[PDB]
Every structure is written in structure tokens, then in C-alpha cells.
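Heads up: the structure comes next, in C-alpha cells.
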Amino acid sequence: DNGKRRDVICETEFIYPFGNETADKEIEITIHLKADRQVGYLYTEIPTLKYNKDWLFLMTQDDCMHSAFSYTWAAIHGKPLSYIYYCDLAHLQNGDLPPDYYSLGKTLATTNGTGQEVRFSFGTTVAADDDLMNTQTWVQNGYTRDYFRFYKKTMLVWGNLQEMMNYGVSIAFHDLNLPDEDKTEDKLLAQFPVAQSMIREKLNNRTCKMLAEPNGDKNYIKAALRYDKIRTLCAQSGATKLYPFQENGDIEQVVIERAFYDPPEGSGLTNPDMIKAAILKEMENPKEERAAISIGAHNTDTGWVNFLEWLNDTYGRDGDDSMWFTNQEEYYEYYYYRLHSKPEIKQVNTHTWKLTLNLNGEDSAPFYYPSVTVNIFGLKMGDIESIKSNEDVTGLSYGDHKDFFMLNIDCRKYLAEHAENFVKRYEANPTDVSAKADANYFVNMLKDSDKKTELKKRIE
Ligand SMILES: [Co+2]
């Protein structure tokens with residue numbers, strides 16, 4: 001019965017198998033050249049920012065907020081939006097939508113520099129040791145007597161966060177669920193693995209490796225530095241301001257500076273107003289001198305939706321495409337690869353070159369964003385007869401950039417199976433335009449293969 005009230009635990013039908021992700025990748029890409037395009041010398045580098053972007057935007061949304069799903073994630077991913085209400089996953093799955101719902105008509109994204117969409121990425125904190133994540137959702141198609149089922153919840157329900165994981169959204173610790181008087185360094189340290197166990201239980205064995213400091217409470221940083229699963233941290237003070245083109249050291253266990261850009265009291269300005277102003281000032285400097293725009297957010301709203309669209313229209317896919325909009329975990333992993341991986345290219349014969357690179361994350365858990373960009377100097381797309389890759393490469397796109405050649409290499413072990421899960425979702429909901437768009441987006445991440453061809457045929 002469509003009109004009957006149901007109170008359900010939000011659930012998604014698949015989650016990327018984070019626990020199974022391989023920690024070590026061995027990339028081997030073979031480049032075969034056209035006969036009259038024999039080149040004499042090639043050399044390679046991993047660029048400062050993925051996709052050869054010019055500058056970095058980092059976003060972490062605190063307090064495990066309902067709006068991280070209903071506003072932030074929904075706006076990025078082309079989902080139904082509301083001006084005053086807060087959808088849960090089960091509302092979207094059932095088509096039980098609030099009375100003011102609308103859509104932007106597009107996703108919010110950059111390109112990867114080689115012709116594919118890269119949707120904006122961000123992280124949310126998680127209140128994994130808080131039973132309020134187990135709250136149910138009221139679903140009732142066609143019910144208009146009230147809209148209480150769409151009111152803001154105190155925090156995300158697990159199903160919302162589980163679905164966000166399928167789109168690369170990151171996670172971070174924040175407050176832990178202890179009495180205020182028990183928030184000592186030692187007691188917080190003991191509670192981190194308790195929260196971690198729930199994260200792994202619910203997020204298909206993903207391990208959280210980030211702390212967003214709560215409310216200037218340094219006991220959280222001191223405790224987190226003794227819990228070796230946490231590799232990256234952020235705070236407003238007692239941190240390091242990130243300059244992506246200048247930073248030279250290890251950032252293992254480093255507190256990266258992140259600002260909320262609160263507006264002056266009574267000024268009528270919003271946080272997005274303040275961030276926009278900071279971005280404009282920063283872009284006046286040469287890219288090598290720019291700090292990262294590293295931001296925190298609390299509740300997101302219509303103004304934040306419009307700000308995300310402004311970023312898309314100005315520095316993303318519909319603007320100058322200069323920005324890398326990501327979460328701190330993906331950036332941390334990329335910086336680690338740039339520091340420790342050493343791409344090499346060797347001539348195999350007169351017309352064949354072999355590019356090799358190892359991606360090895362830290363010993364605590366598999367890195368979850370095992371993708372890099374490699375530039376080849378001395379080569380152009382027009383020289384190339386064919387490109388082949390080994391099994392560890394699951395996504396591969398490439399093309400000219402400025403006067404050189406770039407490859408975007410994705411090594412997520414279960415990427416093809418993940419794309420097929422989105423295809424199956426579309427096949428089960430073939431009238432859902434957003435489901436078909438998601439299927440095309442994920443299938444387009446895959447390297448050329450029989451499986452990619454199969455999946456493309458299923459979503460024509
Ligand atoms: Co907070």
C-alpha cells in the first residue's frame with residue numbers, strides 16, 4: 001500500500017566493500033606509439049594537485065548533520081532538494097518528497113582534465129557511538145496533512161551515511177559519546193576504538209582515519225595522536241596552514257588548519273558570503289603562493305546550495321575548471337602518494353614505453369582513494385596508437401594538458417563491481433532519471449573493457 005505510514009530504518013542496497021580494498025597497487029601502463037611518431041625521451045611526474053588542478057578546496061561538515069545528506073550531498077549529486085525540509089534516503093527511494101521539492105537540473109562537479117565528470121567531494125563527521133543514528137524514518141507517500149516526517153533530525157541516520165559512502169564522501173571523528181567530565185585524554189583514547197568498531201560495522205568495514213577537533217578541545221587531539229588509526233586531523237587553531245605548492249614535509253598525524261568563516265554578528269552576511277570573499281582574495285595570488293581554502297561547515301541550507309552551484313559555475317565544470325574540490329582524506333592520501341611513489345617510464349622497443357608506479361598506503365588500513373594523475377613530458381595524444389593497462393588499474397582516462405600528456409589512473413579494486421551496482425539500481429528503477437545519470441557517471445569511471453561495454457549497453 002502506497003499511502004500507508006511506514007517507519008523504517010533507512011538502508012541502501014549496496015555499499016562499496018571498503019574492508020576488501022587492496023592496500024598495495026602495482027600500476028603498469030603500456031604505451032604503443034604510431035610508426036612516424038617515435039619519440040626520443042619521456043619523463044614523468046605526479047602533479048601537485050590531482051587532475052592538474054590549480055588550487056585546492058577542502059570541505060568537512062561537522063556535527064553529523066542531517067543537512068550533510070539533505071542539502072550538501074543532495075545538491076552535489078543531482079538529487080531532489082528542499083528549501084526548508086530534510087529528506088532521508090528512504091524518502092528518495094520511495095518518491096515521498098516534501099511539498100517544496102526542486103532540483104538544480106545538474107550535478108556539481110569539476111572535470112578530471114581528460115573529459116570526465118568529477119563530482120565535488122567532502123567529508124562529514126560521524127556520531128557513531130550515539131544511538132540517535134539509529135532513528136527511524138517515517139515514509140508515507142501522498143500524505144499531506146502534515147510534513148513532520150521531513151523535519152530536521154538531530155543527526156544523520158546510518159542509512160543516509162551508508163549511501164553517501166557510495167559516492168566517495170569521507171568520514172571523520174568529532175565528539176565522542178562520553179559524559180563531559182569523562183572527556184579526559186585517556187578516556188577519549190579508550191573510546192576511539194569503540195566508535196571505530198561501530199563505523200566498521202555500519203560502513204562495510206571502512207576504517208575512519210581523521211579527527212575534526214570539537215569546540216577547541218585539545219584533549220581530543222592529544223588522545224587522537226595516541227590512536228594510530230587516525231592519520232590526519234583538522235582544527236581552527238593549533239594547526240598548520242596548508243600551502244599545497246609549498247608543503248614539503250610529512251603530514252602524517254599533522255593537524256591541518258580549517259576555518260568556518262563565521263560572519264560578523266548582526267552583519268547580515270552568511271558563512272558562504274565569507275568563504276566566497278576569501279576565495280576571491282586568494283585567487284589574486286599565483287597558484288604556487290595560494291593557501292588551500294580549507295573549510296568547515298555546520299548546518300548547510302539553501303544559501304550553501306547556491307554557493308556550491310557558484311563554485312561549479314565559476315571554478316568547476318561550468319567555469320574555469322581550476323579547482324580540486326575534495327575531502328581532507330582524499331587529499332591526504334594523494335599527498336602521501338606524491339611523496340612516496342616514484343613513477344618511472346622505460347622504453348621497451350622503438351615504439352613502446354612502459355609506465356610503472358606503486359601506490360602503497362599506510363599500514364593502519366587500506367587507503368580508500370587510490371587514484372593519481374601522472375604527467376608524461378615529451379608525449380602527445382596524437383603520438384599514441386594504443387594504451388593498455390594491468391589488472392590493478394580499474395579506471396583510466398588520458399589526454400593532452402598544456403604542452404604535455406596526462407593520465408588519470410584509478411586503482412580502486414572493486415570499481416567495476418561498484419559501477420555495476422549502480423547499473424542494477426537503474427535497471428530496478430528505470431524511470432528514475434537521476435539513477436540513470438548515476439549509472440552513466442560510475443560506468444564512465446571504468447577503463448575500456450568488455451565489462452565497461454556490457455554496462456554501457458545496459459544503460460543506453
Ligand atoms: Co562540532
Side-chain angles (χ1 to χ4, degrees), residues 12 14-16 49-53 55-61 67-81 87 89 92 103-124 160-171 293 295 297 300 304-331 333-334 368-373 394-395 397 408-410 412 415 418-419 421-423 425-426 432-446 455 459:
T12 191
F14 64 92
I15 305 169
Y16 187 92
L49 299 180
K50 196 174 289 189
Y51 321 119
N52 288 298
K53 296 311 187 189
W55 67 278
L56 180 64
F57 187 91
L58 297 180
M59 180 175 180
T60 304
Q61 190 167 352
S67 59
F69 181 82
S70 311
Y71 290 78
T72 310
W73 168 89
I76 293 167
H77 294 284
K79 304 294 171 177
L81 289 163
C87 286
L89 175 66
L92 303 185
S103 61
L104 290 184
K106 64 183 183 185
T107 56
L108 308 178
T110 73
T111 86
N112 63 358
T114 59
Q116 298 300 331
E117 180 182 351
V118 179
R119 295 180 187 174
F120 294 168
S121 190
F122 72 105
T124 178
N160 287 358
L161 188 59
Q162 287 167 324
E163 174 70 346
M164 294 153 79
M165 300 297 94
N166 290 324
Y167 297 81
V169 175
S170 182
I171 56 179
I293 302 294
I295 73 149
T300 52
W304 276 91
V305 170
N306 295 340
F307 170 60
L308 296 170
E309 185 180 36
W310 178 84
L311 289 171
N312 171 93
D313 291 353
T314 308
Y315 306 108
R317 165 182 54 170
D318 296 327
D320 78 358
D321 205 28
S322 62
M323 172 188 53
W324 186 16
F325 184 144
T326 194
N327 66 78
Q328 184 170 318
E329 187 183 13
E330 179 171 11
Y331 176 76
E333 295 186 8
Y334 185 79
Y368 302 116
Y369 303 91
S371 58
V372 291
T373 296
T394 59
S397 52
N408 288 311
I409 308 165
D410 199 330
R412 282 182 286 163
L415 184 58
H418 197 56
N421 275 327
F422 278 100
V423 170
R425 178 188 285 177
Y426 154 74
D432 184 333
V433 175
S434 171
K436 194 180 189 187
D438 286 351
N440 272 304
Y441 171 60
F442 284 90
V443 170
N444 277 324
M445 296 174 184
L446 303 185
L455 297 183
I459 65 185

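Residues take their numbers from the sequence shown, with the count starting at 1.
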### Query
Are side-chain heavy atoms of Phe422 and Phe14 found at a separation under 4.5 Å?
yes
Worksheet item: If you measure only the distance, is there a donor-acceptor pair under 3.5 Å linking the side chains of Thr60 and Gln328?
Response: no
One should read off an interatomic distance between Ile15 CD1 and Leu161 CG, to the nearest 0.5 angstrom, of 9.0 Å
Expected output: side-chain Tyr369 to main-chain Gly168 donor-acceptor under 3.5 Å = yes
Q) Has the side chain of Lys436 got a donor or acceptor atom that lies under 3.5 Å from a matching backbone atom of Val423? A) no
Value for CG (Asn166) from CG (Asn421), rounded to nearest 0.5 Å, stands at 8.0 Å
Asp432 and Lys79: salt bridge (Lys or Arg N to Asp or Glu O under 4.0 Å), yes or no, with the steps?
-> CA-CA 11 Å; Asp432 184 333; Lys79 304 294 171 177; 5.9 Å; no
- Do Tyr368 and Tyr16 make the cut of ring centroids closer than 6.0 angstrom? no
For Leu104 and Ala75, the nearest pair of non-hydrogen atoms, with its separation, is CD1-O, 4.2 Å
Minimum side-chain heavy-atom gap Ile293-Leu56 below 4.5 Å: no
Taking the six-membered ring of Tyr167, is NZ or CZ of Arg119 closer than 6.0 Å to its centre and within 45° of its axis? no
Flag the pair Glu163 and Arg425 as a salt bridge only when some basic side-chain nitrogen lies within less than 4.0 angstrom of an acidic carboxylate oxygen. yes
Under 3.5 Å, is there a donor-acceptor pair between the side chain of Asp410 and the main chain of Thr394? no
Is the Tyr441-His77 ring centre distance short of 6.0 angstrom?
-> no
Subject >> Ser397-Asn112 side chain donor-acceptor pair, cut-off 3.5 Å >> reply: yes
- Item | Main-chain N/O of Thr326 paired to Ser121 side chain as donor or acceptor, under 3.5 Å | no
Between the CG atom in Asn408 and the OG1 atom in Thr114, the distance rounded to the nearest 0.5 Å is 4.0 Å
Paired with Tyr315, the ring pair (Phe, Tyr, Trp, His ring centres under 6.0 Å) test is passed by just one of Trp324, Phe120, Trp310, namely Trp310
When every non-hydrogen atom of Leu446 is compared with those of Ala419, the smallest separation belongs to CD1-CB, 4.0 Å
Problem - Worked check of side chain to side chain contact (heavy atoms under 4.5 Å, CB included) between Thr111 and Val118 - result: CA-CA 5 Å; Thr111 86; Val118 179; 5.9 Å; no
Minimum side-chain heavy-atom gap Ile171-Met165 below 4.5 Å: yes
**OP:** Go through the side-chain N and O atoms of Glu117 and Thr110 and say whether any donor and acceptor fall under 3.5 Å apart.
**Re:** no
If we ignore hydrogens and angles and just use 3.5 Å, is the side chain of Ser170 paired with the main-chain N or O of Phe122 as donor and acceptor?
no
So do the side chains of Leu308 and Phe325 get within less than 4.5 Å of each other, counting heavy atoms only? yes
### Task
Take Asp320 and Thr314, measure what side chain to side chain contact (heavy atoms under 4.5 Å, CB included) needs, and give me the verdict at the end.
CA-CA 6 Å; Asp320 78 358; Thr314 308; over 6 Å; no
TODO: Check whether any side-chain heavy atom of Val372 sits under 4.5 Å from a side-chain heavy atom of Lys50, and report yes or no.
DONE: no
Q: Report the relative orientation of the aromatic rings in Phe69 and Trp73; use parallel for angles under 30°, tilted for 30 to 60°, perpendicular for over 60°.
A: parallel
Inset, instruction - Would you sort out whether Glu333 and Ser371 count as a side-chain hydrogen bond (donor to acceptor under 3.5 Å, both in side chains), showing the intermediate values? - result: CA-CA 9 Å; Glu333 295 186 8; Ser371 58; over 6 Å; no
Taken to the nearest 0.5 Å, the spacing of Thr107 OG1 from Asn312 CG works out to 7.0 Å
So, the side chain of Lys53 versus the backbone of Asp321: is there a donor-acceptor pair under 3.5 Å, distance only?
-> yes
Take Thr72 and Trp304, measure what side-chain hydrogen bond (donor to acceptor under 3.5 Å, both in side chains) needs, and give me the verdict at the end. CA-CA 8 Å; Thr72 310; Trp304 276 91; over 6 Å; no
When rounded to the nearest 0.5 Å, the distance separating CD of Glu309 from CG of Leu311 is 10.5 Å
Side-chain heavy-atom pair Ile295, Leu58 within 4.5 angstrom cut-off
no
Taken to the nearest 0.5 Å, the spacing of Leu89 CG from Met164 CE works out to 11.0 Å
task = May I ask you to test the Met59-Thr124 pair for a side-chain heavy-atom distance under 4.5 Å?
result = no
- request: Please step through side chain to side chain contact (heavy atoms under 4.5 Å, CB included) for the pair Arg412 and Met445, ending with a clear verdict.
  value: CA-CA 11 Å; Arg412 282 182 286 163; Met445 296 174 184; 3.9 Å; yes
- Task: Would you check, one step at a time, whether the test side-chain hydrogen bond (donor to acceptor under 3.5 Å, both in side chains) holds for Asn52 with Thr373?
- Result: CA-CA 7 Å; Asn52 288 298; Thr373 296; 5.7 Å; no
All heavy atoms of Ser70 vs all of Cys87, minimum pair found to be OG-O, 2.7 Å
Here the pair of heavy atoms bringing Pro80 nearest to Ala74 is O-CB, 3.8 Å
